[PDB]
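Student: To start, I am sharing the structure in question, which I have written as structure tokens.
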Amino acid sequence: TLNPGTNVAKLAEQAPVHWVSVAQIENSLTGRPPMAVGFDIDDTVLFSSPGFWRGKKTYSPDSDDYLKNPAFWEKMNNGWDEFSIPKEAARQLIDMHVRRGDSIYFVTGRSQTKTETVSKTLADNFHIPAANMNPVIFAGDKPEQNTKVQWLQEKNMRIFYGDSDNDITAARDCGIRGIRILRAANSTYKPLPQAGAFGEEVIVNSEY
Amino acid sequence: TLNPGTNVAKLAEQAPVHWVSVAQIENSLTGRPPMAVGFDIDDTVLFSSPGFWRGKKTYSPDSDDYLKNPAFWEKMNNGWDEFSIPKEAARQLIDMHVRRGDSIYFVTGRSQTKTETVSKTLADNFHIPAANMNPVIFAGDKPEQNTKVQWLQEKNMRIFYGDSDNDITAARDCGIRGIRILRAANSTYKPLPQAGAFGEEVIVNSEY
Amino acid sequence: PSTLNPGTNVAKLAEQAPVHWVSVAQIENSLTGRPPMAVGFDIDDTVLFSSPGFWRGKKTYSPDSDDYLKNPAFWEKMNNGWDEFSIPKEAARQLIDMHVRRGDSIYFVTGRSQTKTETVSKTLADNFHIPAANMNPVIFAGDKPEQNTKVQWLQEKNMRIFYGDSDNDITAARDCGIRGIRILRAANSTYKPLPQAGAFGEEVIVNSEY
Amino acid sequence: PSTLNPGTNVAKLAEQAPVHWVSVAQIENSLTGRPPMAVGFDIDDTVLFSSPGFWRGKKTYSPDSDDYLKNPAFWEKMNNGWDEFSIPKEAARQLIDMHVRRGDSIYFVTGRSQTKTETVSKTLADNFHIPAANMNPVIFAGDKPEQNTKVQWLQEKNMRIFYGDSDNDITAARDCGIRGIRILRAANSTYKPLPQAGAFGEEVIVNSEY
Ligand SMILES: Nc1ncnc2c1ncn2[C@@H]1O[C@@H]2COP(=O)(O)O[C@H]2[C@H]1O
Ligand SMILES: Nc1ncnc2c1ncn2[C@@H]1O[C@@H]2COP(=O)(O)O[C@H]2[C@H]1O
Ligand SMILES: Nc1ncnc2c1ncn2[C@@H]1O[C@@H]2COP(=O)(O)O[C@H]2[C@H]1O
Ligand SMILES: Nc1ncnc2c1ncn2[C@@H]1O[C@@H]2COP(=O)(O)O[C@H]2[C@H]1O
Ligand SMILES: [Mg+2]
Ligand SMILES: [Mg+2]
Ligand SMILES: [Mg+2]
Ligand SMILES: [Mg+2]
């Protein structure tokens with residue numbers, strides 16, 4: 001197993017996945033009037049692991065307990081995304097939907113905080129025009145919160161983009177089009193999900 | 001440029017193709033009653049390049065005129081397929097349609113000859129029962145014979161499998177499901193087609 | 001093989017086997033300055049996609065097994081005509097052309113059984129346009145179990161490089177202390193299972209499957 | 001390139017660049033028996049995904065350019081804390097773990113501008129759990145008369161191997177006659193274009209992008 005080798009059958013092997021490009025998505029929307037579309041945030045439009053990594057190293061060195069620590073979220077939602085790297089795949093998707101005049105919504109599962117600068121970070125990085133921009137929506141199971149599925153129905157989103165399985169299942173529970181984005185290999189959120197596990201479309205080269 | 005090297009973006013780059021597996025196609029047909037389906041022959045179910053390679057070397061060493069030589073066709077359709085290698089992807093597909101009780105048809109652009117043993121070779125290599133088997137259909141512009149499209153319609157084929165672009169557009173012109181098979185890299189019929197150039201489904205690992 | 005929608009991920013997409021890939025140009029470059037030498041090539045799945053004949057052979061003599069490989073009648077047909085159905089490999093044309101320019105002596109060592117007559121040498125010389133000056137009649141080493149018949153020939157002709165798709169081709173070169181370079185066996189070949197190219201740390205030529 | 005449905009073919013799907021890939025296990029095996037030695041690692045995109053800091057730095061001091069790489073205020077931040085946001089690479093952990101078991105002396109060489117203080121050494125020692133006997137303070141190489149070049153440091157510490165993602169990391173190892181090994185730079189790194197790994201015939205570690 002020091003020199004495993006390979007063969008051409010293995011080199012050409014393809015996973016039965018429905019791949020698509022931004023251009024093909026645009027083409028499929030030809031003629032449709034403006035609509036509402038939504039994006040997950042982490043690993044979908046932003047490589048935000050730097051902040052999650054510092055948070056982990058600061059509150060739960062050997063675990064993920066920091067995800068439930070209020071002190072982590074106050075900092076994550078109010079500045080640490082200044083270290084989050086915007087994804088090129090998202091930049092192209094957002095420009096494309098803005099050209100169409102569609103309404104752009106960002107739905108996140110991050111713990112809601114009193115204040116947040118995530119909305120500002122998104123609008124500046126992706127040059128979203130005021131007419132298409134909407135404040136970040138924090139979905140959750142809390143009583144004062146609405147779940148992700150309710151927010152997709154409420155805003156009448158017709159397309160939802162995300163890297164996680166719950167992003168795709170949410171779209172399917174609403175009967176809308178859920179499109180998978182690939183999570184970068186160096187994300188700290190492991191293991192990487194299996195893109196295409198629901199027979200959904202997956203955007204090519206969307207890891208960066 | 002002795003050492004062009006590479007980078008991780010190139011390594012993971014994917015063409016926006018809609019890949020599918022035999023299992024997925026099967027699952028997509030659950031509940032449907034037996035129907036009529038068709039297969040292109042060359043490079044779809046049989047690797048027949050051996051016969052054509054010898055044909056050219058025997059009849060047109062410097063051109064593709066052997067394709068017009070009726071002496072070549074007498075040989076190709078009456079024995080040279082004994083050297084043709086059955087494709088495993090076809091084997092899986094044919095066994096699947098048989099289990100369903102579907103009616104299998106083979107359509108070829110090969111020149112028609114008085115006799116032909118291709119039908120026998122096909123029924124024998126894939127163990128096609130008499131109930132599902134049908135004599136090979138030869139098509140073309142000869143006013144004495146029907147074109148590929150016309151044959152697909154006349155037999156009401158719902159699915160057509162092929163490695164070439166005309167196999168897909170033919171299905172498209174008929175409003176049926178056209179599924180692409182990959183042409184082996186060592187086939188003498190070049191250049192290789194761009195599987196997926198029409199947004200059609202392409203079967204994985206179907207080159208052998 | 002039991003999951004309807006297995007999906008994938010980017011780490012899996014970019015995953016590489018630790019193999020030493022080389023191109024023909026790189027091989028040629030590593031030979032600059034070297035004087036004409038003797039080099040060898042295995043035949044089946046290295047220089048010729050010959051499965052068509054072995055396929056007709058099995059169907060004709062051993063539909064249920066591999067006894068045809070020991071049948072003298074099979075070898076008569078295979079070595080005297082069936083390679084007319086064998087398809088030359090492009091990767092091989094490039095190597096052979098490269099060695100002809102260098103002025104090297106080209107040898108073909110096969111494990112096929114020796115027969116009274118053989119037209120394989122002629123097929124090779126014609127399909128690859130090998131000059132008489134560099135051509136040598138094919139050496140049929142045969143195939144004796146628990147022993148590698150090729151070693152003897154690589155030593156006697158003092159071959160400095162041996163090209164092959166099978167493990168025994170590479171180990172043969174290793175036994176002689178010479179440079180064994182691997183060629184990929186096509187996926188549609190009937191000789192299965194496919195070998196693990198790079199399993200001895202040897203150089204593997206890119207895109208050599210056709 | 002602009003075609004909507006480009007499609008593909010099996011020759012393109014199986015196409016391989018002629019590159020010499022190696023695994024960490026192969027590297028370790030090639031060191032078997034050899035006594036402790038000095039080894040060096042480049043920092044950015046080799047052991048740490050540090051783009052987060054450079055991204056924030058550019059956004060803060062040079063929104064419309066690369067001038068921040070010349071601003072002292074940027075380096076102060078970068079070398080004294082912003083690496084808390086740097087993500088350590090797995091390929092690096094495996095390599096450092098292996099050299100630690102061997103007992104080798106580990107050096108980190110960076111082209112980052114030097115500042116009066118720096119917490120980078122501390123970040124690395126902690127992140128990769130390097131024992132005090134194998135750890136050495138980060139070396140800031142450069143042009144300034146108060147410092148030495150990357151080449152000079154590799155020689156001065158007598159490093160036998162040097163790991164890096166950039167072309168100048170590999171040519172530095174070549175100039176010193178030592179073994180230079182390439183690490184793949186992550187696709188989401190902000191330092192672009194990505195370099196052509198294996199452009200010098202060097203060994204390239206597989207799956208080293210994360
Ligand atoms: N260990 C982790 N490292 C990085 N990001 C994480 C980790 N665990 C969870 N996350 C992210 O935190 C987000 C919280 O809300 P979401 O469910 O929208 O999606 C989650 C992930 O994007
Ligand atoms: N050079 C060639 N090598 C192999 N097969 C060929 C070559 N030229 C034509 N063919 C095949 O001959 C077939 C004739 O009918 P089709 O058009 O269905 O498809 C054609 C190809 O599959
Ligand atoms: N089942 C098979 N299908 C195709 N070729 C085969 C098969 N079994 C053996 N061979 C070939 O027969 C050759 C005999 O000599 P070699 O060992 O040089 O290489 C062997 C293979 O190339
Ligand atoms: N735009 C950038 N994004 C990320 N890192 C960068 C960028 N420009 C320069 N660098 C890094 O800054 C480092 C300075 O020293 P090095 O030459 O060792 O390596 C350089 C790169 O790793
Ligand atoms: Mg996400
Ligand atoms: Mg065909
Ligand atoms: Mg062989
Ligand atoms: Mg670097």
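Chain identifiers are assigned as A, B, and so on, following the order in which chains appear in the structure tokens; residues are numbered from 1 within each chain, and ligands are numbered from 1 in order of appearance.
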Within 6 Å of range 160-167 of chain D, counting only C-alpha atoms, which residues qualify if same-chain residues fewer than 2 places away don't, as a list in words?
Tutor: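 Contacts, in chain order: residues 39, 40, 41, 42, 46, 169, 170, 178, 179, 180, 181, 182, 183, 184 and 185 of chain D.
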Student: Up to 8 Å from chain B, what residues of chain A turn up? Count only C-alpha atoms and give them as a PyMOL selection string.
Tutor: chain A and resi 9+12-21+203-205
Student: If you keep N, CA, C and O atoms, can you produce a file of those selected residues as a PDB file, in the first residue's frame?
Tutor:
ATOM      1  N   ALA A   9      -9.518   2.817 -15.753  1.00  0.00           N
ATOM      2  CA  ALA A   9     -10.935   2.719 -15.416  1.00  0.00           C
ATOM      3  C   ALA A   9     -11.192   3.634 -14.229  1.00  0.00           C
ATOM      4  O   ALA A   9     -12.175   4.384 -14.198  1.00  0.00           O
ATOM      5  N   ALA A  12     -10.973   7.518 -15.034  1.00  0.00           N
ATOM      6  CA  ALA A  12     -12.082   8.117 -15.766  1.00  0.00           C
ATOM      7  C   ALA A  12     -13.419   7.986 -15.043  1.00  0.00           C
ATOM      8  O   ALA A  12     -14.407   8.575 -15.460  1.00  0.00           O
ATOM      9  N   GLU A  13     -13.442   7.215 -13.960  1.00  0.00           N
ATOM     10  CA  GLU A  13     -14.657   6.991 -13.178  1.00  0.00           C
ATOM     11  C   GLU A  13     -15.336   8.290 -12.739  1.00  0.00           C
ATOM     12  O   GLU A  13     -14.697   9.189 -12.194  1.00  0.00           O
ATOM     13  N   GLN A  14     -16.639   8.380 -12.985  1.00  0.00           N
ATOM     14  CA  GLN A  14     -17.408   9.556 -12.608  1.00  0.00           C
ATOM     15  C   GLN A  14     -18.544   9.181 -11.677  1.00  0.00           C
ATOM     16  O   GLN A  14     -19.188   8.146 -11.849  1.00  0.00           O
ATOM     17  N   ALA A  15     -18.772  10.018 -10.672  1.00  0.00           N
ATOM     18  CA  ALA A  15     -19.880   9.788  -9.758  1.00  0.00           C
ATOM     19  C   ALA A  15     -21.131  10.231 -10.551  1.00  0.00           C
ATOM     20  O   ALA A  15     -21.077  11.224 -11.296  1.00  0.00           O
ATOM     21  N   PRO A  16     -22.250   9.488 -10.434  1.00  0.00           N
ATOM     22  CA  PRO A  16     -23.474   9.861 -11.161  1.00  0.00           C
ATOM     23  C   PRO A  16     -24.109  11.080 -10.509  1.00  0.00           C
ATOM     24  O   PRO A  16     -25.034  10.974  -9.707  1.00  0.00           O
ATOM     25  N   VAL A  17     -23.594  12.243 -10.875  1.00  0.00           N
ATOM     26  CA  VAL A  17     -24.042  13.513 -10.331  1.00  0.00           C
ATOM     27  C   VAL A  17     -24.524  14.453 -11.431  1.00  0.00           C
ATOM     28  O   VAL A  17     -23.938  14.494 -12.519  1.00  0.00           O
ATOM     29  N   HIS A  18     -25.571  15.222 -11.139  1.00  0.00           N
ATOM     30  CA  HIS A  18     -26.086  16.181 -12.101  1.00  0.00           C
ATOM     31  C   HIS A  18     -25.372  17.520 -11.915  1.00  0.00           C
ATOM     32  O   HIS A  18     -25.790  18.363 -11.107  1.00  0.00           O
ATOM     33  N   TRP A  19     -24.288  17.706 -12.656  1.00  0.00           N
ATOM     34  CA  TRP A  19     -23.520  18.940 -12.601  1.00  0.00           C
ATOM     35  C   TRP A  19     -24.154  20.016 -13.481  1.00  0.00           C
ATOM     36  O   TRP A  19     -24.762  19.696 -14.505  1.00  0.00           O
ATOM     37  N   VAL A  20     -24.002  21.285 -13.079  1.00  0.00           N
ATOM     38  CA  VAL A  20     -24.502  22.424 -13.838  1.00  0.00           C
ATOM     39  C   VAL A  20     -23.564  23.613 -13.654  1.00  0.00           C
ATOM     40  O   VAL A  20     -22.774  23.655 -12.714  1.00  0.00           O
ATOM     41  N   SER A  21     -23.653  24.575 -14.563  1.00  0.00           N
ATOM     42  CA  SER A  21     -22.830  25.777 -14.505  1.00  0.00           C
ATOM     43  C   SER A  21     -23.734  26.979 -14.239  1.00  0.00           C
ATOM     44  O   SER A  21     -24.952  26.886 -14.360  1.00  0.00           O
ATOM     45  N   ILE A 203     -23.433  22.870  -8.665  1.00  0.00           N
ATOM     46  CA  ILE A 203     -22.672  23.813  -9.466  1.00  0.00           C
ATOM     47  C   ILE A 203     -21.203  23.413  -9.559  1.00  0.00           C
ATOM     48  O   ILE A 203     -20.532  23.201  -8.541  1.00  0.00           O
ATOM     49  N   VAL A 204     -20.704  23.312 -10.785  1.00  0.00           N
ATOM     50  CA  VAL A 204     -19.314  22.932 -10.990  1.00  0.00           C
ATOM     51  C   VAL A 204     -18.363  24.002 -10.454  1.00  0.00           C
ATOM     52  O   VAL A 204     -18.700  25.177 -10.422  1.00  0.00           O
ATOM     53  N   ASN A 205     -17.178  23.567 -10.035  1.00  0.00           N
ATOM     54  CA  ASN A 205     -16.133  24.444  -9.538  1.00  0.00           C
ATOM     55  C   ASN A 205     -16.593  25.441  -8.473  1.00  0.00           C
ATOM     56  O   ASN A 205     -16.020  26.512  -8.345  1.00  0.00           O
TER      57      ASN A 205
END
Student: Quick check: residues of chain C within 10 Å of chain B, only C-alpha atoms, returned as a ChimeraX atom specification.
Tutor: /C:1-5,9-16,22-27,29,49-57,59-60,82-90,186-190,207,209-210
Student: Give me the residues near range 64-75 of chain A as a ChimeraX atom specification, where near means some atom within 7 Å (using only C-alpha atoms) and where sequence neighbours in that chain fewer than 6 positions away do not count.
Tutor: /A:55-56,111,113
Student: Please produce a file of the residues just selected, as a JSON list (two decimals), in the first residue's frame, where the atoms kept are N, CA and C atoms.
Tutor:
[["chain", "number", "residue", "atom", "x", "y", "z"],
["A", 55, "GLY", "N", -12.83, 30.84, 17.03],
["A", 55, "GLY", "CA", -13.80, 30.62, 18.08],
["A", 55, "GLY", "C", -13.58, 29.30, 18.78],
["A", 56, "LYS", "N", -13.30, 28.26, 18.00],
["A", 56, "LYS", "CA", -13.07, 26.94, 18.57],
["A", 56, "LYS", "C", -11.82, 26.95, 19.44],
["A", 111, "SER", "N", -26.56, 31.51, 15.43],
["A", 111, "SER", "CA", -27.36, 32.00, 16.56],
["A", 111, "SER", "C", -27.56, 33.49, 16.38],
["A", 113, "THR", "N", -28.01, 37.35, 17.22],
["A", 113, "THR", "CA", -27.42, 38.20, 18.23],
["A", 113, "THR", "C", -28.12, 39.55, 18.19]]
Student: May I have all residues of range 52-191 of chain C that DSSP, computed from the backbone, assigns to helix (DSSP H, G or I), given as an NGL selection string?
Tutor: :C and (52-61 or 67-70 or 72-79 or 82-85 or 90-102 or 120-127 or 150-156 or 167-176)
Student: Please identify which residues in range 17-148 of chain B DSSP calls strand (DSSP E or B) from the backbone, and express them as a ChimeraX atom specification.
Tutor: /B:18-20,36-40,42,46-47,85-86,103-108,137-138
Student: What does the C-alpha RMSD come to when chain C is least-squares superposed onto chain D, all C-alpha atoms paired in sequence order?
Tutor: 2.0 Å
Student: So, counting only C-alpha atoms, which residue among C:95, C:204, C:37, C:100 is closest to chain D?
Tutor: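 Smallest separation from chain D among the options: C:204.
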Student: Could you name the residues that touch range 66-79 of chain C at 6 Å or less, counting only C-alpha atoms, but leaving out those on the same chain fewer than 2 positions away, as a PyMOL selection string?
Tutor: chain C and resi 58+61-62+82+118+120
Student: Just to be explicit: take each residue in the selection above, keep N, CA and C atoms, and write the result as a compact mmCIF listing (two decimals), in the first residue's frame.
Tutor:
# COMPACT_ATOMS: atom_id res chain seq x y z
N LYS C 58 -11.32 -17.11 -27.38
CA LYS C 58 -12.02 -17.73 -26.27
C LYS C 58 -13.37 -18.27 -26.74
N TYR C 61 -12.64 -21.54 -28.91
CA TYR C 61 -12.10 -22.72 -28.23
C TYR C 61 -12.46 -23.01 -26.76
N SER C 62 -12.77 -21.98 -25.98
CA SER C 62 -13.09 -22.16 -24.56
C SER C 62 -14.12 -21.14 -24.13
N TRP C 82 -4.93 -12.88 -37.27
CA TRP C 82 -5.88 -12.16 -36.43
C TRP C 82 -5.42 -10.78 -35.95
N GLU C 118 4.74 -16.96 -38.30
CA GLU C 118 4.13 -15.83 -37.63
C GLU C 118 4.20 -14.60 -38.52
N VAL C 120 3.14 -11.58 -37.23
CA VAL C 120 3.13 -10.47 -36.27
C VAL C 120 4.24 -9.45 -36.53
Student: So that I can check the surroundings of range 160-164 of chain A, please list as a list in words every protein, DNA and RNA residue that reaches within 8 Å of it, counting only C-alpha atoms and ignoring chain neighbours fewer than 6 positions away.
Tutor: residues 37, 38, 39, 40, 41, 43, 44, 171, 176, 177, 178, 179, 180, 181, 182, 183, 193 and 195 of chain A
Student: Skipping near chain neighbours, those fewer than 5 positions away, what residues fall within 10 Å of residue 166 in chain B using only C-alpha atoms, listed as a list in words?
Tutor: residues 148, 149, 171 and 172 of chain B
Student: Using only C-alpha atoms, pick whichever of D:109, D:205, D:43, D:138 has the shortest atom-to-atom distance to chain C.
Tutor: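 Going through D:109, D:205, D:43, D:138 one by one, the smallest distance to chain C is for D:205.
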Student: When you draw a straight line from CA of residue 197 in chain A to atom 15 (O, counted along the ligand's line) of ligand 1, how long is it in Å?
Tutor: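 That distance, rounded to one decimal, is 20.2 Å.
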Student: Go through D:99, D:20, D:174, D:157 and flag the residue nearest chain C, using only C-alpha atoms for the distances.
Tutor: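 Nearest candidate to chain C out of D:99, D:20, D:174, D:157: D:20.
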